Every structure is written in structure tokens, then in C-alpha cells.
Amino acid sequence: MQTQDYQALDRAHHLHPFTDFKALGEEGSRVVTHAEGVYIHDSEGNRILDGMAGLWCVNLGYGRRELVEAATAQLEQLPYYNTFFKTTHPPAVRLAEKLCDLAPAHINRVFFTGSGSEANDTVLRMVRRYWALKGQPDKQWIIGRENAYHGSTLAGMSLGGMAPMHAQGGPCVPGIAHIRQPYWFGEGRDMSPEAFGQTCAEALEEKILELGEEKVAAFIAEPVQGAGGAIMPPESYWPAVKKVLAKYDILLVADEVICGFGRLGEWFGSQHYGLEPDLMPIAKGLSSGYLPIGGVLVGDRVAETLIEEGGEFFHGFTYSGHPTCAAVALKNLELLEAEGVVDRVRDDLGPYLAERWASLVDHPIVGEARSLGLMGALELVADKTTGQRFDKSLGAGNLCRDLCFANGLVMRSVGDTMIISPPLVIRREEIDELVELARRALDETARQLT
């Protein structure tokens, strides 16, 4: 089969995620066929540096023989069995042990799911079931943040703060509120980062008092916002949030679907900011994306009420704990740990990216460059003195994104914010190539718009 054959069949039969179906059918889908290391290859023979590690998830890179062998061995032994029938299997047991041993203190149980979205559905039912069992059935409201992403189920979309998602397929799940996001560059340059972080934390208290603490069940947040644009909050934000949560009896849900398993230099983003969440949804890097699996790490406070008071929890998925997916996730975690990959993002690749990434701040159209661990972002501006954006209709970010791909680099755009999330095993020479290709695309972007 030739590229156009794939494209024609794909156009005829395949509806892609988050896609303008009509536009893509007219321009023709890219066809990705194989990958190795940090590189992907398409049906036209192009080799591209995958600066997004698939979709924030291929932490150990492509071509890890050990993950292939883990799946093959489990498929030959027990490809599938359910965890419904008063049953478990060895992969589930061992993965839950390993996961909870890596989790922060007081987080000792896991409920398995297939995706980060199903994990957030699990979170929502667990949170509201929890308060019902506490004798407080009016404690129902969940506070998220604008521009947050918590998945694409109805619950995940409702918990998220994406207006274009909210505008499609609603009504949403009831009882979700949204406060402002700690995005200094886009929304806070009228203040010092420190003052802005405290304002955005105070917004949580304001929302609590607006709804009434007796009606609020939980606050949900990504430690660092991923899909919304790799937005690291000011250093003042999370300490001030902890101050607010200490005043009110509310659960903390840290959505670790992107930040988990090395991305920011820790096993969990919660650990980078010293949080103690009651629940933590996870997926993506859990298995380096090699097979689908997610879950909720459940803190002792929620777990004990559900166990001791709840009887049966009428919740779960056919593929919860899927033994082949669990076998792969277990091996992925063992490799991440045995090879010191997390320590290495934090002490080696993270700082190295930071210095190489910071060499882009002097580019004519880069208004800000930020990174943490192996997550990074650039802010494209038309005027550096004022920070003014290029006009929205010009699509500066999408143009830079397409020019990056044309130069051999996957670097995505959220509006006029460029983002990267490369595999955690990326080599220093490969980071060098990434920044060079980025600068080339930035050069070509600036020339075309001026």
C-alpha cells in the first residue's frame, strides 16, 4: 500500500480524535508507520524527531525490547482475565504493589482503569460516594480550573476547563465549578509572578465561599497544565493553595496523567510541589504508552471509608487491570527505576534542556521560554517589548508547528504557545537537534509573518 491508499481508506472509514474531519479529509492524513529511539517515520520515508513522545506518554522511547517481551510473555500465559469475579491475576497484584510503593505516603491502593479519562470518572464517583458515606450528601461540588484538561468522557470533559469541549455534546455532569488558571504570561503580567500565584490560589477560597464549603467535595488540578499549554504555575501558587485547603474539609485530586512517572523530574508532580492528594489519576507514562492502562491511586482517607463503610462499589471496567497491559506497565516502572530515568530527568536531561531551551529567548519572536524536567514551552509574540501577540487570524503557533514538522520535529502548538514533551530517554545530542530544528522553524515562521 502507498501513502495515498492509506489516506483514501482512512478518509473513508476512520474518525480521528480532536479532528476537523472535513478539513483533514481534504488535505490528507499523515501516516506514521514505525519508530525507534526518539524518532518516528511516516509512509513517505520522512524521519521526524518526536518531541512529544507520542502524546506525552512514550517515556522510555520507541523500541524497548523489554516491554515487547513483557507483553509477549503475558499474552502467552494469560492474555486476559477479569478482576470482577472475586478474582485477580499476578500482573495486577505485582503492578499494584510496585505502584503504591512508588506513590507518596498514605496513598496505598489503586483502582485500575483503561485510560486517564476513565480514571477521572472513577475519581468523580469515588469523591461523591465518599462524602455520601460520611453522612454529608450535599458535599458534591468539584472545583476545577479553566483551561484544565481531565479527559474526554462526559465526566472528564465536565471536569476540564476547555470551552470548545464544553460546547459539544453537553449538558455536562452537574456540580462542577471552574476557577482561574495560574497562567502568568497569558493572564498575570499585570502582577509579579509571586503576587499572581497568590491571587490564583485565593480564587479557590473565593469559589469555596461562593458555593459554601459544606457543598464542596473536592478540588481537582493538574500539578502542571499539559494540554492547556505546559503552564507551570508561579512558585507561590501551590504553597498558597495548600494554605487554602488546610482551612476547609475538601479532597485534593492531583491529576497526574501527564506529570506522573518522570516528566517533571519526580515520580509524581505532586511530589515536586509537596502535595498530599487524596486521589491521583494516572495513565500515559504508566506504560510508556506501549499498551493502554490507567488507574486512580487512592489515599488512605478515601480508601478507608469506601472499604469499611461502602460495601460493594458498583464501578469498574471490563479491561480494568488487563493482565497484559499491567505486565507491560510493571516492566516499564521497573526499568524507569532500575535505570534511574527519573533521577536523570531531574539531574541531567532537565537542566540540560533548560540551558539549551533558554538559548531561544533572544529569538525575534520568542517572548518567553520555560521548562521543568522534560516539559517545555515557548511563547510566540509579535512585539517583545510589550509582549503583544501576533493577530489570532495569522495562526503563528500553527504555522510554527507545521514548519517544525516540515523540518523534522514534532512540536505542538496551543494557540501561540509551542510545547515539547520528549521521551525521558532522549540523548543530549538529540536535545541539541531539537532546539536547532526549533530555531530553524522559528526563523522561517518569523520571516513568513513579517
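So that there is no doubt, residue numbering starts at 1 and follows the sequence shown.
Novice: Averaging the C-alpha B factors as listed in the entry, name the stretch that ends up higher: 393 to 401 or 415 to 423.
Specialist: The entry gives the higher C-alpha B-factor average to 393 to 401.
Novice: Could you settle it for me: does 311 to 319 or 352 to 360 have the higher average Cα B factor in the PDB entry?
Specialist: Stretch with the greater average CA B-factor: 352 to 360.
Novice: When the CA B-factors of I143, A155, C325, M191 are compared as recorded in the entry, which is the largest?
Specialist: Reading the PDB entry, the winner on C-alpha B-factor is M191.
Novice: When you compare the CA B-factors of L374, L245, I208, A105 as listed in the entry, which one comes out on top?
Specialist: Out of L374, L245, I208, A105, the record gives the largest C-alpha B-factor to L374.
Novice: Pull the Cα B-factor of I179 out of the PDB entry and bin it into the chain's lowest, middle or highest third.
Specialist: CA B-factor rank for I179: middle third.
Novice: Is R344 in the lowest, middle or highest third of its chain when residues are ranked by C-alpha B-factor?
Specialist: Its C-alpha B-factor belongs to the highest third of this chain's values.
Novice: What third of its chain, lowest, middle or highest, does the C-alpha temperature factor of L15 fall into?
Specialist: It belongs to the lowest third of the chain when residues are ordered by C-alpha B-factor.
Novice: Divide the modelled residues of the chain into thirds by Cα B-factor and specify which third, lowest, middle or highest, holds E256.
Specialist: Ranked within chain, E256 CA B lands in the lowest tercile.
Novice: Would the CA B-factor of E379 place it in the lowest, middle or highest third of its chain?
Specialist: For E379, whose C-alpha B-factor we compare with every modelled residue in the chain, the answer is the highest third.
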